[PDB]
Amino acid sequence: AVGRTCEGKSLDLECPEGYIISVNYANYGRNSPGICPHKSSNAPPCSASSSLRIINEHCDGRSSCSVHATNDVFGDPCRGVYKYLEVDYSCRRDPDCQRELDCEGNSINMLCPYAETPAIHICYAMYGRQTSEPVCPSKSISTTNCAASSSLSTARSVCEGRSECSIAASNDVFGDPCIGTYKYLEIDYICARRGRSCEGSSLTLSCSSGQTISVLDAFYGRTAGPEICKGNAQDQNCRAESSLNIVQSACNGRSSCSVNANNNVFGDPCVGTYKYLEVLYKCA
C-alpha cells in the first residue's frame, strides 16, 4: 500500500483489524515532478535520510498512525523545494504472536504463566471461515469469506489483560457470521508485560538490554472493580478514546517512558469514577 501527502499536511496509514503496519519504504523529499506539483524546473532527487527510521518509530507495529510531513519532523533535505512524504507499507499479522486455531465447538485456552509477562494480548482474531481444505473440514461449507466483524473486539473483551483465558469457538460468543457454514476460530496472542498506575500518579514502562518498547494495548479509565486502584468504581466501561495512540506516541521505539495517569493527558472519560492507566506492552 502507498500513502502520499504534501509538505504541511499529515499522512494517515491504517490496517484492518488484527493487522499492524510494516513499513517497506519511506521518504520525505521529492523524487517525481508529478506528485504535489509546483513550478517549475526539476531539481536533483531529494530524500531525507531520517525518513525511514522516523516512520518506523511513528508507525511500525501500530494499527494506525498519523505523521506530519514537515521539516520540524524530518529536517529539510532540500531547501527551496516543495516536498512530499511517501510511504510504502504492508499490513501483517504480528509475527511475535503465537498462532492458534480450533474448529467450531472447541475452545482455545491461552495461558501466560510468567510473572514478568503475565497478561494476554490478543493480536488477531477471526471467527468464521477464510479458507477451505485443509482447515476444519466439513460438508457444511458454502463460503470462505466469512468473519464476525466483532471477532477481535469480542476476543479482547473476553481475554485482554488476563493471565488465563479460555474462549469458545462458538456462535454464543461471537454471533453467527455465516449461517450454514462450519466455522473456526483463529487467534494470534502474545503474553505481554503490564504496567498500571492509579490516576494522579505516573506509570513507567521499561525494557532492558538495549531493547525497545512496543505498546500493544492501553486504557486510561476503569474496567474493574475497586480491588484495582481503590476509589469510586461506578463506571467499569470506562476508556479514554485515543489512550493507545497517546501511549504509543509517548513510548514506542524507546527503552523507557513515563506517562501520567491523569485527565490533563487523556481527558476525563468518566467523571466521578476513580481511574487508572493500564498498559500492555512488549520489549524487542
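Start at 1 with the first residue shown and count on from there.
Colleague: Higher average CA B factor in the deposited record is what I'm after, so tell me if that's 60 to 68 or 247 to 255.
Modeller: Looking at the record's C-alpha B-factors, the answer is 247 to 255.
Colleague: Which has higher Cα B-factors on average according to the PDB entry: 121 to 129 or 78 to 86?
Modeller: Averaging CA B-factors over each stretch, the winner is 78 to 86.
Colleague: Take the CA temperature factors straight from the PDB entry and tell me which of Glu104, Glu160, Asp188, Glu164 peaks.
Modeller: Highest C-alpha B-factor among the listed options: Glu164.
Colleague: Quick one: classify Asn264 as lowest, middle or highest third of the chain based on its Cα B-factor.
Modeller: Its C-alpha B-factor belongs to the highest third of this chain's values.
Colleague: With respect to C-alpha B-factor, does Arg194 fall in the lowest, middle or highest third of the chain as deposited?
Modeller: Highest third of the chain for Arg194's C-alpha B-factor.
Colleague: When the modelled residues of the chain are sorted by Cα temperature factor, does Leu277 land in the lowest, middle or highest third?
Modeller: Lowest third, going by the recorded CA B-factors of the chain.
Colleague: Compare the C-alpha B factor of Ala284 with those of the other modelled residues in its chain, then answer lowest, middle or highest third.
Modeller: Highest third - that is where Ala284 ends up once the chain's C-alpha B-factors are sorted.
Colleague: Going by the recorded CA B-factors, say which third of the chain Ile228 sits in, lowest, middle or highest.
Modeller: Top third by C-alpha B-factor.
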